[PDB]
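Starting off, we have a lone chain in the form solved without the partner chain, written out as C-alpha cells.
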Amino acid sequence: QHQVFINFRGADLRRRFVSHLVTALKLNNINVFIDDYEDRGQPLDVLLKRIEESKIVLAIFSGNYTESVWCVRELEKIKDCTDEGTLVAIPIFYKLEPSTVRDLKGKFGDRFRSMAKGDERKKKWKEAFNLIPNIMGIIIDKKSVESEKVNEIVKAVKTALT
C-alpha cells in the first residue's frame, strides 16, 4: 500500500517538519508509511518488512535518531536493502551535517555511544552510519526555509518514483 517509508525518531519532529512533509507527499498522491517514531513497541519484524516492501526510504537523521536501538536496526536494514539494490534511500539531515552522521559527532554521536555501550553490534552500526551518507541527500540546517526543503524532498521522491 505504501511507496515511501519515512524513517525517523521524535514526537516533536513528527508533529512539526514531518507533518508538513507527509501532507505534501499525500497532496502529490504519494503513499507513505510512518516509522515507530516514539518506540511504542511496534514489532520490529513488521517495521523491517515495511521497509523492504518500500520503493523509497527517507532516512531522516536527527539528534534523537541514535537514542533508539530499534531505529538503528532499521538503518541496518535500510543499508542492506540499498546495497542489494531492492530500494532507493534518501538521507535527510535534519539540523545536523552529513559529517556529524558519518563521524558520529555531537549529541547525535554521544547518544549513539550511550545506547550502544557493550553491544556487539556496535561496529556494524558505526559502519552503516559511516556509509549511508555516501548517498546524496538533502540537508535542512538551522537557516533553511522548511517549506522549500519539503518541496526539495518531494521533487526527489517523484524523480526516484519515475
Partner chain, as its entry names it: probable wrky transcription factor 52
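Numbering follows the first chain given and starts at 1.
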Looking at the deposited entry, does 124 to 132 or 60 to 68 carry the larger mean Cα B-factor? 124 to 132
Higher avg CA temperature factor (92 to 100 vs 50 to 58, as deposited) belongs to 50 to 58
Ranking every modelled residue in this chain by its Cα temperature factor as given in the entry, which third contains residue 155? lowest
Against its chain's modelled residues, does residue 27's Cα B factor rank lowest, middle or highest third? lowest
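The following text describes the form solved in complex with the partner chain, which does not appear among the structures shown.
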Answer range among 105 to 113, 23 to 31, 49 to 57, 120 to 128 for contact with the partner chain, defined in the bound PDB entry as heavy atoms within 4.5 Å: 23 to 31
Going by a heavy atom distance of 4.5 Å, is residue 150 a contact of the partner chain in the bound PDB entry? yes
